[PDB]
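Below is one structure, written out as structure tokens; comments come after it.
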Amino acid sequence: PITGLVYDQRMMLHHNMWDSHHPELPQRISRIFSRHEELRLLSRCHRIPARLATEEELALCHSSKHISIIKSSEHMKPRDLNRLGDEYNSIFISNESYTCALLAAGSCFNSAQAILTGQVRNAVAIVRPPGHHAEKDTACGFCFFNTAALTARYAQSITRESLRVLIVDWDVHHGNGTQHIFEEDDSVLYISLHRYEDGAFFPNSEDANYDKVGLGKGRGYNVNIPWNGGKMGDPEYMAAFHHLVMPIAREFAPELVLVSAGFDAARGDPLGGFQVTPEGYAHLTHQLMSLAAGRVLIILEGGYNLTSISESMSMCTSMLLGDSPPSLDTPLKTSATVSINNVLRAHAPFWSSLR
Ligand SMILES: O=C(CS)NCCCCCn1ccc2cc(Cl)c(Cl)cc21
Ligand SMILES: [K+]
Ligand SMILES: [K+]
Ligand SMILES: [Zn+2]
């Protein structure tokens with residue numbers, strides 16, 4: 001098998017005991033996994049086992065106070081669980097939440113290790129809860145620990161400190177935690193496509209605008225592609241990949257590609273409102289596979305239409321296995337062109353491939 005796959009149904013145990021209809025449902029990952037079975041993709045993949053992340057591994061990105069607070073939720077009573085949840089922005093916690101977050105990160109460490117030691121060429125991680133909103137010191141937006149950020153640091157910890165890692169976050173929401181963790185770092189390049197609406201979309205901050213290019217040594221290594229006033233889809237995302245993501249990524253020359261692969265920009269998602277098709281996600285995956293000698297890890301983030309995420313993530317695994325990209329069936333929305341051109345102007349000083 002060229003492609004690894006990690007999935008543990010124990011990550012379904014994280015659940016919302018008060019609002020059982022909260023969109024971050026346990027069956028998100030079991031519907032995706034079941035779709036891999038019936039498409040005969042699972043039999044083509046090398047099964048990578050899940051594991052728990054260690055506390056020392058969580059410390060690669062997170063503060064000891066944040067780690068201790070989330071760990072304490074393990075045996076907390078329902079009232080304590082409730083009052084802890086409302087301390088954060090959009091967070092629900094159960095007694096199983098901390099272990100599920102450990103499994104999500106540990107699954108991705110095992111997959112990155114399999115990729116970097118040559119056991120597989122690439123991998124897919126069907127994990128929950130998501131991670132890209134998690135900050136060094138706090139939980140946010142259904143995320144407890146930043147699985148993608150932790151995986152990049154773990155990858156560097158087993159190869160060399162300066163391993164060039166590219167994180168592409170095509171979740172419809174901005175990965176605020178991922179940006180802040182690496183903002184001063186030039187060894188991890190963070191590129192995010194996200195619905196922005198001039199700061200009126202979760203997580204509702206101007207940190208996600210195109211003018212935040214990074215800090216210090218990290219200047220030029222944070223690329224925000226913000227969408228405004230329009231329901232973006234395959235044309236807008238393909239155009240952003242052609243004019244921004246791939247030119248910068250090729251010049252960065254990553255040795256590992258991590259995809260914060262949320263599918264809430266998919267057509268049919270109740271939260272995102274965009275219309276990226278499953279074939280569009282296939283083409284995005286296909287392009288990133290040309291980087292880092294094919295060493296690509298696809299980590300599930302958001303995405304809340306069960307049918308959309310099952311077809312979309314299975315398309316990506318199909319591409320990872322080497323299947324040919326399916327054909328794509330609109331001229332670009334003007335505000336999307338305006339966005340792409342605003343990002344070009346912001347990052348032209350830092351990337352010769354943009355000028
Ligand atoms: O998806 C992700 C992680 S990738 N981050 C978005 C966070 C959403 C928080 C606020 N927010 C927006 C729509 C919405 C709908 C429901 Cl039902 C609830 Cl409970 C909260 C909501
Ligand atoms: K994003
Ligand atoms: K960075
Ligand atoms: Zn999202």
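Every chain in the structure tokens takes a letter, A first, then B, and so on in the order presented; its residues are numbered from 1, and the ligands are numbered from 1 following the presented order.
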
Contacts of ligand 2, 10 Å or closer, only C-alpha atoms and all ligand atoms, given as a compact mmCIF listing (two decimals) with N, CA, C and O atoms, in the first residue's frame:
# COMPACT_ATOMS: atom_id res chain seq x y z
N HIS A 132 -7.59 22.82 14.55
CA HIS A 132 -6.88 23.99 14.05
C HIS A 132 -7.27 25.30 14.74
O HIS A 132 -6.59 26.31 14.55
N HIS A 133 -8.33 25.31 15.55
CA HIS A 133 -8.64 26.49 16.35
C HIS A 133 -7.95 26.49 17.71
O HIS A 133 -7.97 27.52 18.39
N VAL A 168 -1.37 23.14 4.84
CA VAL A 168 -2.43 23.71 4.01
C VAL A 168 -3.75 23.46 4.71
O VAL A 168 -4.13 22.31 4.96
N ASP A 169 -4.45 24.54 5.04
CA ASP A 169 -5.69 24.49 5.81
C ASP A 169 -6.82 24.92 4.88
O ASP A 169 -7.07 26.11 4.71
N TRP A 170 -7.50 23.94 4.28
CA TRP A 170 -8.60 24.25 3.37
C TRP A 170 -9.96 24.07 4.03
O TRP A 170 -10.98 24.11 3.34
N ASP A 171 -9.98 23.85 5.34
CA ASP A 171 -11.19 24.02 6.13
C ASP A 171 -11.77 25.41 5.88
O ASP A 171 -11.04 26.37 5.64
N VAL A 172 -13.11 25.51 5.91
CA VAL A 172 -13.73 26.79 5.57
C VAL A 172 -13.43 27.86 6.61
O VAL A 172 -13.53 29.06 6.30
N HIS A 173 -13.04 27.48 7.82
CA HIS A 173 -12.70 28.42 8.87
C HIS A 173 -11.19 28.60 8.96
O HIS A 173 -10.42 27.68 8.68
N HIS A 174 -10.78 29.80 9.36
CA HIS A 174 -9.36 30.09 9.51
C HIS A 174 -8.78 29.32 10.69
O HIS A 174 -9.37 29.28 11.77
N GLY A 175 -7.62 28.70 10.48
CA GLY A 175 -6.93 28.02 11.56
C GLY A 175 -6.16 28.99 12.43
O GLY A 175 -4.94 29.11 12.31
N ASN A 176 -6.88 29.70 13.30
CA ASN A 176 -6.27 30.73 14.13
C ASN A 176 -5.16 30.17 15.01
O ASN A 176 -4.11 30.79 15.17
N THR A 178 -3.29 27.44 14.49
CA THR A 178 -2.14 27.06 13.68
C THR A 178 -1.32 28.27 13.27
O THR A 178 -0.08 28.23 13.30
N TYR A 190 2.42 28.16 6.73
CA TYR A 190 0.98 28.00 6.94
C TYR A 190 0.23 28.75 5.85
O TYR A 190 0.37 29.97 5.71
N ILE A 191 -0.58 28.02 5.08
CA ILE A 191 -1.44 28.59 4.05
C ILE A 191 -2.87 28.20 4.38
O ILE A 191 -3.17 27.01 4.54
N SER A 192 -3.76 29.19 4.47
CA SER A 192 -5.15 28.96 4.81
C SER A 192 -6.07 29.63 3.81
O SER A 192 -5.90 30.82 3.50
N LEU A 193 -7.03 28.87 3.28
CA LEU A 193 -8.18 29.39 2.55
C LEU A 193 -9.36 29.40 3.52
O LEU A 193 -9.64 28.38 4.15
N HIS A 194 -10.06 30.53 3.63
CA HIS A 194 -11.13 30.59 4.61
C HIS A 194 -12.14 31.66 4.25
O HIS A 194 -11.77 32.75 3.80
N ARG A 195 -13.41 31.35 4.48
CA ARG A 195 -14.45 32.37 4.41
C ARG A 195 -14.20 33.41 5.50
O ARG A 195 -14.04 33.07 6.68
N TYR A 196 -14.16 34.68 5.11
CA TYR A 196 -13.73 35.75 5.99
C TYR A 196 -14.82 36.78 6.24
O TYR A 196 -15.04 37.17 7.40
N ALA A 208 -7.10 36.75 10.35
CA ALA A 208 -7.25 35.92 9.17
C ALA A 208 -7.20 36.70 7.87
O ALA A 208 -7.36 36.11 6.80
N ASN A 224 -2.66 34.03 4.30
CA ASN A 224 -4.10 34.00 4.50
C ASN A 224 -4.81 34.37 3.20
O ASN A 224 -4.54 35.43 2.63
N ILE A 225 -5.70 33.50 2.74
CA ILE A 225 -6.49 33.74 1.54
C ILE A 225 -7.94 33.91 1.96
O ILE A 225 -8.68 32.92 2.07
N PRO A 226 -8.39 35.14 2.21
CA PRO A 226 -9.73 35.35 2.77
C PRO A 226 -10.80 35.59 1.72
O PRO A 226 -10.65 36.46 0.86
N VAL A 259 -2.23 18.53 5.61
CA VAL A 259 -3.45 19.19 5.18
C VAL A 259 -4.41 19.21 6.36
O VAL A 259 -4.86 18.15 6.82
N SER A 260 -4.70 20.40 6.88
CA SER A 260 -5.85 20.55 7.76
C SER A 260 -7.09 20.45 6.90
O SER A 260 -7.60 21.45 6.39
N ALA A 261 -7.57 19.22 6.70
CA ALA A 261 -8.58 18.93 5.69
C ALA A 261 -9.97 18.93 6.34
O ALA A 261 -10.57 17.89 6.60
N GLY A 262 -10.47 20.13 6.60
CA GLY A 262 -11.87 20.28 6.87
C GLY A 262 -12.67 20.28 5.58
O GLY A 262 -12.20 20.73 4.53
N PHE A 263 -13.87 19.73 5.64
CA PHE A 263 -14.74 19.66 4.48
C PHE A 263 -16.03 20.44 4.69
O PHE A 263 -17.09 20.08 4.17
N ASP A 264 -15.95 21.54 5.45
CA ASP A 264 -17.09 22.42 5.65
C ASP A 264 -17.18 23.52 4.60
O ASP A 264 -18.13 24.30 4.63
N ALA A 265 -16.24 23.59 3.67
CA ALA A 265 -16.41 24.38 2.46
C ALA A 265 -17.08 23.57 1.35
O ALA A 265 -17.25 24.07 0.24
N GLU A 301 -10.52 17.84 9.63
CA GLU A 301 -10.85 18.92 10.55
C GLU A 301 -12.36 19.03 10.65
O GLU A 301 -13.01 18.14 11.21
N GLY A 302 -12.93 20.10 10.09
CA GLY A 302 -14.36 20.30 10.09
C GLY A 302 -15.06 19.61 8.93
O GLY A 302 -14.49 18.78 8.22

As a quick test: using only C-alpha atoms and all ligand atoms, which residues lie no more than 6 Å away from ligand 3? Give them as a tab-separated table (two decimals) with N, CA and C atoms, in the first residue's frame.
chain	number	residue	atom	x	y	z
A	182	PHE	N	2.83	29.13	14.75
A	182	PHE	CA	3.96	29.18	13.83
A	182	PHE	C	4.24	30.58	13.30
A	183	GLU	N	3.64	31.62	13.88
A	183	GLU	CA	3.66	32.93	13.22
A	183	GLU	C	5.08	33.49	13.10
A	185	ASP	N	7.78	31.59	12.83
A	185	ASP	CA	8.58	30.44	12.42
A	185	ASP	C	8.64	30.37	10.90
A	186	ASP	N	9.85	30.19	10.36
A	186	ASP	CA	10.03	30.01	8.92
A	186	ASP	C	10.25	28.55	8.53
A	188	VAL	N	7.90	26.23	9.30
A	188	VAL	CA	6.54	25.75	9.04
A	188	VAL	C	5.81	26.84	8.27
A	189	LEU	N	5.43	26.54	7.03
A	189	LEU	CA	4.68	27.47	6.20
A	189	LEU	C	3.20	27.16	6.32
A	190	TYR	N	2.42	28.16	6.73
A	190	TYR	CA	0.98	28.00	6.94
A	190	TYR	C	0.23	28.75	5.85
A	218	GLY	N	9.51	34.59	10.55
A	218	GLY	CA	8.31	34.09	9.92
A	218	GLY	C	7.65	35.01	8.92
A	221	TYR	N	5.86	33.63	5.75
A	221	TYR	CA	5.55	32.22	5.95
A	221	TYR	C	4.17	32.01	6.56
A	222	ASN	N	3.31	33.02	6.52
A	222	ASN	CA	1.90	32.89	6.86
A	222	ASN	C	1.08	33.51	5.74

Could you please write out, as a ChimeraX atom specification, every residue of stretch 184-322 of chain A that DSSP assigns to alpha helix (DSSP H)?
/A:234-240,246-252,278-288,306-320

Go through A:300, A:250, A:149, A:56 and flag the residue nearest ligand 4, using only C-alpha atoms and all ligand atoms for the distances.
A:300

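Distance annotation: of A:140, A:311, A:297, A:166, the residue with the minimal separation from ligand 4 is A:140; atom set is only C-alpha atoms and all ligand atoms.
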
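Between ligand 1 and the candidates A:4, A:273, A:254, A:303, the tightest atom-to-atom separation, counting only C-alpha atoms and all ligand atoms, involves A:303.
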
DSSP on the backbone: which residues in stretch 133-338 of chain A end up as strand (DSSP E or B)? Give the answer as a PyMOL selection string.
chain A and resi 140+143+165-169+188-195+222-227+233+256-261+266+275-276+296-300

For the residues in that selection, give me N, CA, C and O atoms as a compact mmCIF listing (two decimals), in the first residue's frame.
# COMPACT_ATOMS: atom_id res chain seq x y z
N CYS A 140 -10.88 26.18 21.59
CA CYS A 140 -11.77 27.06 20.83
C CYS A 140 -12.34 26.30 19.65
O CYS A 140 -11.70 25.41 19.10
N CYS A 143 -12.24 22.57 19.12
CA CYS A 143 -10.89 22.04 19.12
C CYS A 143 -10.26 22.18 20.51
O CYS A 143 -10.43 23.20 21.17
N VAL A 165 8.05 22.11 6.82
CA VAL A 165 6.72 21.52 6.83
C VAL A 165 5.74 22.54 6.28
O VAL A 165 5.72 23.69 6.73
N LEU A 166 4.92 22.11 5.33
CA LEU A 166 3.84 22.93 4.80
C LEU A 166 2.51 22.46 5.38
O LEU A 166 2.18 21.28 5.28
N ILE A 167 1.77 23.38 5.98
CA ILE A 167 0.42 23.11 6.46
C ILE A 167 -0.55 23.87 5.57
O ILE A 167 -0.53 25.11 5.54
N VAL A 168 -1.37 23.14 4.84
CA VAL A 168 -2.43 23.71 4.01
C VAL A 168 -3.75 23.46 4.71
O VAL A 168 -4.13 22.31 4.96
N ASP A 169 -4.45 24.54 5.04
CA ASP A 169 -5.69 24.49 5.81
C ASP A 169 -6.82 24.92 4.88
O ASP A 169 -7.07 26.11 4.71
N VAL A 188 7.90 26.23 9.30
CA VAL A 188 6.54 25.75 9.04
C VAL A 188 5.81 26.84 8.27
O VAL A 188 5.59 27.94 8.80
N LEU A 189 5.43 26.54 7.03
CA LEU A 189 4.68 27.47 6.20
C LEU A 189 3.20 27.16 6.32
O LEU A 189 2.77 26.03 6.06
N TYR A 190 2.42 28.16 6.73
CA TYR A 190 0.98 28.00 6.94
C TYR A 190 0.23 28.75 5.85
O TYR A 190 0.37 29.97 5.71
N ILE A 191 -0.58 28.02 5.08
CA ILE A 191 -1.44 28.59 4.05
C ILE A 191 -2.87 28.20 4.38
O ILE A 191 -3.17 27.01 4.54
N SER A 192 -3.76 29.19 4.47
CA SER A 192 -5.15 28.96 4.81
C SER A 192 -6.07 29.63 3.81
O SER A 192 -5.90 30.82 3.50
N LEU A 193 -7.03 28.87 3.28
CA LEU A 193 -8.18 29.39 2.55
C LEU A 193 -9.36 29.40 3.52
O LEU A 193 -9.64 28.38 4.15
N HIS A 194 -10.06 30.53 3.63
CA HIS A 194 -11.13 30.59 4.61
C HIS A 194 -12.14 31.66 4.25
O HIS A 194 -11.77 32.75 3.80
N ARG A 195 -13.41 31.35 4.48
CA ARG A 195 -14.45 32.37 4.41
C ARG A 195 -14.20 33.41 5.50
O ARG A 195 -14.04 33.07 6.68
N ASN A 222 3.31 33.02 6.52
CA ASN A 222 1.90 32.89 6.86
C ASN A 222 1.08 33.51 5.74
O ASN A 222 1.19 34.72 5.50
N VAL A 223 0.28 32.70 5.07
CA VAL A 223 -0.45 33.11 3.87
C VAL A 223 -1.94 32.92 4.13
O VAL A 223 -2.43 31.78 4.17
N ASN A 224 -2.66 34.03 4.30
CA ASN A 224 -4.10 34.00 4.50
C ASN A 224 -4.81 34.37 3.20
O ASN A 224 -4.54 35.43 2.63
N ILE A 225 -5.70 33.50 2.74
CA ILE A 225 -6.49 33.74 1.54
C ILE A 225 -7.94 33.91 1.96
O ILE A 225 -8.68 32.92 2.07
N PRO A 226 -8.39 35.14 2.21
CA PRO A 226 -9.73 35.35 2.77
C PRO A 226 -10.80 35.59 1.72
O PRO A 226 -10.65 36.46 0.86
N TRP A 227 -11.89 34.83 1.78
CA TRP A 227 -13.00 34.98 0.85
C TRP A 227 -14.04 35.94 1.43
O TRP A 227 -14.41 35.83 2.60
N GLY A 233 -16.46 28.19 -4.69
CA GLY A 233 -16.47 26.78 -5.04
C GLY A 233 -15.23 26.36 -5.80
O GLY A 233 -14.17 26.97 -5.64
N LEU A 256 7.53 17.90 4.01
CA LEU A 256 6.35 17.23 4.53
C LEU A 256 5.18 18.18 4.35
O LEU A 256 5.31 19.38 4.59
N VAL A 257 4.05 17.64 3.90
CA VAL A 257 2.83 18.42 3.71
C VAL A 257 1.76 17.86 4.63
O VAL A 257 1.44 16.67 4.57
N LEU A 258 1.23 18.72 5.50
CA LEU A 258 0.08 18.40 6.34
C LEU A 258 -1.11 19.20 5.84
O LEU A 258 -1.02 20.42 5.66
N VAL A 259 -2.23 18.53 5.61
CA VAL A 259 -3.45 19.19 5.18
C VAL A 259 -4.41 19.21 6.36
O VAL A 259 -4.86 18.15 6.82
N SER A 260 -4.70 20.40 6.88
CA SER A 260 -5.85 20.55 7.76
C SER A 260 -7.09 20.45 6.90
O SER A 260 -7.60 21.45 6.39
N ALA A 261 -7.57 19.22 6.70
CA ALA A 261 -8.58 18.93 5.69
C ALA A 261 -9.97 18.93 6.34
O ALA A 261 -10.57 17.89 6.60
N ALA A 266 -17.48 22.34 1.65
CA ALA A 266 -18.09 21.47 0.65
C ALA A 266 -19.51 21.92 0.33
O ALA A 266 -20.19 22.57 1.13
N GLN A 275 -19.55 25.75 -1.98
CA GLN A 275 -19.98 24.71 -2.91
C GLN A 275 -18.80 24.01 -3.56
O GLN A 275 -18.85 23.63 -4.74
N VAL A 276 -17.72 23.79 -2.81
CA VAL A 276 -16.64 22.93 -3.30
C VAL A 276 -17.19 21.52 -3.46
O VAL A 276 -17.85 20.98 -2.56
N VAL A 296 2.44 13.45 1.99
CA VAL A 296 1.27 14.25 2.31
C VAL A 296 0.43 13.50 3.34
O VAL A 296 0.14 12.32 3.16
N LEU A 297 0.03 14.20 4.41
CA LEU A 297 -0.86 13.65 5.42
C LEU A 297 -2.13 14.48 5.46
O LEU A 297 -2.07 15.70 5.68
N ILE A 298 -3.27 13.83 5.26
CA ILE A 298 -4.57 14.49 5.20
C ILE A 298 -5.27 14.27 6.53
O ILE A 298 -5.67 13.14 6.85
N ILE A 299 -5.44 15.34 7.30
CA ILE A 299 -6.00 15.28 8.65
C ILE A 299 -7.39 15.90 8.61
O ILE A 299 -7.55 17.07 8.25
N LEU A 300 -8.40 15.11 8.99
CA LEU A 300 -9.76 15.62 9.02
C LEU A 300 -9.88 16.75 10.04
O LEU A 300 -9.38 16.63 11.16
